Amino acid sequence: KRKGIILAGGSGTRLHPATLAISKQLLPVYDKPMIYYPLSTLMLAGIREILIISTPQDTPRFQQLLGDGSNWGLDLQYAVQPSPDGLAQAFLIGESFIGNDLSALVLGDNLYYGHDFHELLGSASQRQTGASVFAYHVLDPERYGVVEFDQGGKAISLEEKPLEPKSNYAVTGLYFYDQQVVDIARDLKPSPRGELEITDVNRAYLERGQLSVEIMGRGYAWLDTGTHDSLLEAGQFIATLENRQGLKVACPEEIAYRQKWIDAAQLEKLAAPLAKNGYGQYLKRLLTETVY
């Protein structure tokens, strides 16, 4: 078993004033709330016990949206981050939830998509030691954690938002950890940025030779909804795929069902209330259509 966390707080300042009305993680990416996407990432990694961390004001809305997750065969729990003082705080806030288990953290505004993503998640999730992170070639690596490799392809340094990146490979917002993470987070001090950085967590594993950095190839989409423009692009991306395929990206209900965490009758039940719109009609179609 691994336990997962979604970090779905922050201010969403870049998204002002849209986010005055509410969390960037409840606004829609095309047809469904942003949070569905990372939730689904965790689900596809075989994780069913998940803690959602948000701001004090938006926590209740997540709870209304998602509940305890039992309807979807999950065990969802909630905690508050008082202030967005770093990714690594997820491990302090979530210490008791983690207990002595393997864990995973996904950022609330990250969206992933691509052929065999299930396998890429499984590989990381099934490991039982160290840390795993994913490196993705981006245009503006300065906005992210940046991994440098040597000539042989081995990662040699990490830097958080460097003005002068040492490569174009960003560390994405998905991280898998062994039982060493909590203790590492606890010994962290705030960065000059004023945050407890996930990059310092990861450097600590790197230093001990225990960070696995796996390339996420160009054939995958890793997007993030942090800007007005990026959020619209993500929306359009999802739209184009779903209207082409007649299939939906990141339907928790679908994923649950395919993973056998809920059964046909349960799914039919989930569909009923949503039946007056296309999402409901889609859940129903899933009962009598085989999709490879």
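Residues carry their position along the shown sequence, with the first being 1. In this text, the rigid core denotes the largest set of C-alpha atoms whose superposition between the two forms falls within 1.5 Å.
Displacement analysis by core superposition in 9 other deposited structures of this protein ranks 192 to 200 above the other of 111 to 119 and 192 to 200 in root-mean-square C-alpha distance from the shown form. Superposing on the core and measuring CA offsets in 9 other deposited structures of this protein, the stretch of 35 to 43 and 224 to 232 with the greater mean deviation is 224 to 232. The question of which stretch, 169 to 177 or 114 to 122, has the higher mean Cα B factor is settled in favour of 114 to 122. Stretches 179 to 187 and 209 to 217 differ in mean CA B factor, with 179 to 187 having the higher one.
The PDB entry gives the largest Cα B-factor of the residues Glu160, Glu148, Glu195, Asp101 to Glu195. Note on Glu49, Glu254, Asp58, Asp31: the highest value goes to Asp58, judged by CA B factor as recorded.
For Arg143, the recorded CA temperature factor ranks within the middle third of the chain's modelled residues. Residue-level temperature factors show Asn71 in the highest third of its chain, judged at the C-alpha atom. In the PDB entry, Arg244 places in the lowest third of its chain by CA B-factor. Remark: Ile156 belongs to the highest third of its chain, ranked by C-alpha B-factor as recorded. The deposited CA B-factor of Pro82 belongs to the middle third of values across its chain.
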